[PDB]
Each structure stands twice: as structure tokens, then as C-alpha cells.
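> Okay, here's the structure, questions in a sec.
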Protein chains: 2
Amino acid sequence: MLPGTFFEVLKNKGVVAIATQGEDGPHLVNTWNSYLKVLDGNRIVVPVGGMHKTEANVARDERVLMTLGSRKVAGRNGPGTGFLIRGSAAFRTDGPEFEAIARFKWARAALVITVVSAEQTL
Amino acid sequence: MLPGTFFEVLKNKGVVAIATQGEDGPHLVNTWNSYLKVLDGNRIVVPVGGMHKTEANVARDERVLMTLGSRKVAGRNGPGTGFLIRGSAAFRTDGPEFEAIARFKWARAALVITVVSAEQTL
Ligand SMILES: Cc1cc2nc3c(=O)[nH]c(=O)nc-3n(C[C@H](O)[C@H](O)[C@H](O)COP(=O)(O)O)c2cc1C
Ligand SMILES: Cc1cc2nc3c(=O)[nH]c(=O)nc-3n(C[C@H](O)[C@H](O)[C@H](O)COP(=O)(O)O)c2cc1C
Ligand SMILES: [Cl-]
Ligand SMILES: [Cl-]
């Protein structure tokens with residue numbers, strides 16, 4: 001399950017980064033800390049406006065990496081912390097996962113990350 | 001020439017993300033907005049403490065992606081913006097490139113990103 005300090009990071013503002021595998025190299029896109037919706041102990045849902053290249057990548061290789069953090073949350077050995085999340089991704093345009101982020105009217109889809117690991121890297 | 005909005009983001013707090021190509025998929029690591037040092041029109045230096053896997057990746061494939069942003073800086077459609085940087089990476093342990101981040105007493109090296117493109121993605 002996702003750890004307590006991760007939820008503390010979500011309560012603070014910041015830029016989330018999401019890396020996928022493309023045909024010719026990695027691709028890297030963003031969301032905001034505040035936009036992540038956690039379901040159960042292992043699903044993180046992201047509202048999708050663009051992410052067209054990201055979606056194409058995920059369709060061929062479901063594996064994603066995600067990082068996020070905050071200066072305002074104590075880490076393992078000082079002020080500030082962050083996490084590296086590894087998981088499998090899928091895009092949804094309806095159902096409970098889309099409904100989880102449907103408050104964002106600009107969302108054309110939901111990016112659903114099923115987390116396999118969460119490492120506190122700072 | 002990095003744009004003024006990019007410099008504004010650097011004046012605000014946040015988590016920077018750096019993606020490299022690994023042997024089995026992408027790799028994704030972090031620094032802080034305030035740690036970045038801009039050398040000139042297109043070089044950004046990051047203090048390196050860990051980044052051992054990142055360094056190994058860069059030796060195989062110099063191409064890197066970097067994202068950063070801030071809720072506090074104006075984007076195209078209201079508050080909040082960020083950037084995708086595409087370029088090539090190198091590691092240095094001396095010279096002006098290292099001196100640029102030498103204030104970080106823990107730095108084992110400097111990661112120098114030569115920027116090919118900077119895109120405001122919000
Ligand atoms: C700080 C920040 C937050 C962003 N938030 C989102 C978001 O929540 N959803 C989204 O689809 N794109 C968001 N974007 C834009 C994406 O990072 C990306 O540029 C866009 O979705 C296109 O993705 P693609 O290159 O995979 O086509 C954000 C960008 C930044 C800098
Ligand atoms: C918010 C945040 C800031 C970080 N800042 C640095 C940094 O400035 N330099 C560094 O080497 N590692 C930093 N780290 C740790 C790296 O992201 C990474 O986990 C570590 O360097 C190992 O890199 P590697 O997986 O390439 O071996 C930071 C981590 C977080 C979450
Ligand atoms: Cl946020
Ligand atoms: Cl910062």
C-alpha cells in the first residue's frame with residue numbers, strides 16, 4: 001500500500017512527472033500533486049487533457065514511472081521529500097476510474113496507474 | 001536563450017524531474033528548482049549526489065528530458081505553468097561547470113544539460 005508520507009506530499013502543491021517508453025526514447029509529461037486521486041491502496045488516477053504521446057506509449061508498453069515531492073514535508077534525513085512510483089498504466093474514458101477525476105471538465109480521459117512500488121527517494 | 005517564464009519558475013520552489021533511457025525502460029530522478037544553475041543561453045547544471053544509474057544511462061545515450069514548473073507562475077490559461085526541456089547530458093567533476101554547483105558540498109559531480117529545446121507545456 002501507499003505510505004503515509006506519500007499522502008502528506010499530496011496535501012502540498014507541486015509538479016508530478018510521468019515517464020513512459022516511446023519508440024525512439026523516453027517521454028516525460030506532468031500533472032499537479034493536487035490532481036492525483038488515490039483509489040484503494042494501489043491506484044493513482046490522473047486527469048488527462050492532452051497526453052496523446054503518453055497514451056500511445058502506454059498502449060504499447062504499460063510500464064510507467066512517476067515522481068513527486070514537496071519542500072514542506074520532512075524526508076528521511078532532513079526537510080523535503082519525494083517518491084519514485086513504478087506501476088502499470090491504462091487510459092479510461094468511462095467507468096469509476098474516469099468518474100474519480102470527472103470533476104475536471106477538460107479531462108478527455110483518466111490515466112490510471114496501478115502501483116507496484118513506491119520508493120521514498122529523499 | 002531560455003525564456004523569462006522559465007527563470008521565474010526557477011525562482012519558485014519545486015521538484016525537477018530528469019528522465020534518461022535505461023537498458024530496460026526509462027529512468028527518472030529528481031532535483032529541486034532552486035538547485036539548477038543556468039550557465040548561459042542553453043546550459044543548465046544540476047548538483048549530483050547520487051544519480052549513479054542516471055550517469056550510466058547517459059554514458060550509453062546522452063539524450064535527456066527534464067520537466068519543472070510552479071503553481072505560482074503565470075501560464076497561458078491562468079496561474080500555473082511549466083516546461084519540458086530536451087537536450088543532451090554530460091557529467092563533469094571540474095572546471096566552470098563543476099564550480100557552478102560547488103556550493104553543494106555533497107556534490108560528487110555536475111550534471112550539465114545542454115538544452116536543444118524548451119517548451120512551455122502549460
Ligand atoms: C505543471 C504541469 C501540469 C500539467 N497538468 C496536466 C494534466 O493534469 N493533464 C494533462 O493531460 N496535461 C497536463 N500538463 C501538460 C502535460 O505535461 C503534457 O505536456 C500534455 O498533456 C501533452 O502530453 P503528450 O506530450 O504525451 O502528448 C501539465 C503540464 C505542466 C507543466
Ligand atoms: C525532491 C528530490 C530532490 C532530489 N535532489 C537530488 C539532487 O539534487 N541530486 C542528486 O543526486 N539526487 C537528488 N535526489 C535523489 C535522486 O532523485 C535519485 O533518487 C538519486 O540521485 C539516485 O539516482 P539514480 O537512480 O540515477 O542512481 C532528489 C530526490 C528528490 C525526491
Ligand atoms: Cl498542486
Ligand atoms: Cl526548490
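Quick note on naming: the chains in the C-alpha cells go A, B, ... in the order shown, residues restart at 1 in each chain, and ligands are numbered from 1 in order of appearance.
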Given only C-alpha atoms and all ligand atoms, how would the per-residue table for chain A near ligand 2 read, listing every residue at most 7 Å away with its closest atom pair and distance in Å to one decimal, sorted by chain and number, as a tab-separated table?


```
residue	atom	partner	partner_atom_place_in_ligand_line	distance
A:68	CA	ligand 2	31 (C)	6.8
A:69	CA	ligand 2	1 (C)	5.3
A:70	CA	ligand 2	1 (C)	6.5
A:80	CA	ligand 2	1 (C)	6.6
A:81	CA	ligand 2	31 (C)	5.3
A:82	CA	ligand 2	31 (C)	3.4
A:83	CA	ligand 2	31 (C)	5.4
A:121	CA	ligand 2	19 (O)	4.8
A:122	CA	ligand 2	31 (C)	4.8
```

> Using only C-alpha atoms, I'd like a table of the residues in chain B that come within 7 Å of chain A; for each, show the closest atom pair and its distance in Å rounded to one decimal, ordered by chain and ascending number, as JSON lines.


```
{"residue": "B:14", "atom": "CA", "partner": "A:14", "partner_atom": "CA", "distance": 6.1}
{"residue": "B:15", "atom": "CA", "partner": "A:69", "partner_atom": "CA", "distance": 6.3}
{"residue": "B:17", "atom": "CA", "partner": "A:17", "partner_atom": "CA", "distance": 6.3}
{"residue": "B:20", "atom": "CA", "partner": "A:26", "partner_atom": "CA", "distance": 6.9}
{"residue": "B:21", "atom": "CA", "partner": "A:26", "partner_atom": "CA", "distance": 6.1}
{"residue": "B:25", "atom": "CA", "partner": "A:21", "partner_atom": "CA", "distance": 6.2}
{"residue": "B:26", "atom": "CA", "partner": "A:26", "partner_atom": "CA", "distance": 5.6}
{"residue": "B:28", "atom": "CA", "partner": "A:65", "partner_atom": "CA", "distance": 6.8}
{"residue": "B:65", "atom": "CA", "partner": "A:28", "partner_atom": "CA", "distance": 6.8}
{"residue": "B:68", "atom": "CA", "partner": "A:15", "partner_atom": "CA", "distance": 6.9}
{"residue": "B:69", "atom": "CA", "partner": "A:15", "partner_atom": "CA", "distance": 6.2}
{"residue": "B:70", "atom": "CA", "partner": "A:14", "partner_atom": "CA", "distance": 7.0}
```

> I need the residue nearest ligand 3 from this list: B:79, B:34, B:52, B:118. Use only C-alpha atoms and all ligand atoms for the distance.

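Once distances to ligand 3 are computed over only C-alpha atoms and all ligand atoms, the minimum belongs to B:79.
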
> I'd like to know which of A:74, A:39, A:90, A:100 is closest to residue A:56, using only C-alpha atoms.

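For residue A:56, the nearest of the given residues is A:90.
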
> Tell me, in Å to one decimal, how far atom CA of residue B:88 is from atom CA of residue B:110.

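A separation of 13.6 Å between them.
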
> Find the residues near residue B:91: any atom within 8 Å, counting only C-alpha atoms, skip ones fewer than 3 places away on the same chain, and give them as a PDB file with N, CA and C atoms, in the first residue's frame.


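Once written, out00.pdb looks like this:
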```pdb
ATOM      1  N   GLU B  55      23.816   8.336 -14.468  1.00  0.00           N
ATOM      2  CA  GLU B  55      25.120   8.544 -15.102  1.00  0.00           C
ATOM      3  C   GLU B  55      25.449   7.404 -16.072  1.00  0.00           C
ATOM      4  N   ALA B 109      29.692  15.429  -8.480  1.00  0.00           N
ATOM      5  CA  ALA B 109      29.819  15.810  -9.875  1.00  0.00           C
ATOM      6  C   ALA B 109      28.777  16.864 -10.214  1.00  0.00           C
ATOM      7  N   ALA B 110      28.886  17.395 -11.425  1.00  0.00           N
ATOM      8  CA  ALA B 110      27.888  18.283 -12.005  1.00  0.00           C
ATOM      9  C   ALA B 110      27.273  17.608 -13.223  1.00  0.00           C
ATOM     10  N   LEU B 111      25.944  17.602 -13.286  1.00  0.00           N
ATOM     11  CA  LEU B 111      25.228  17.149 -14.465  1.00  0.00           C
ATOM     12  C   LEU B 111      24.922  18.371 -15.314  1.00  0.00           C
ATOM     13  N   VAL B 112      25.511  18.405 -16.506  1.00  0.00           N
ATOM     14  CA  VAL B 112      25.360  19.557 -17.395  1.00  0.00           C
ATOM     15  C   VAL B 112      24.433  19.169 -18.528  1.00  0.00           C
TER      16      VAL B 112
END
```
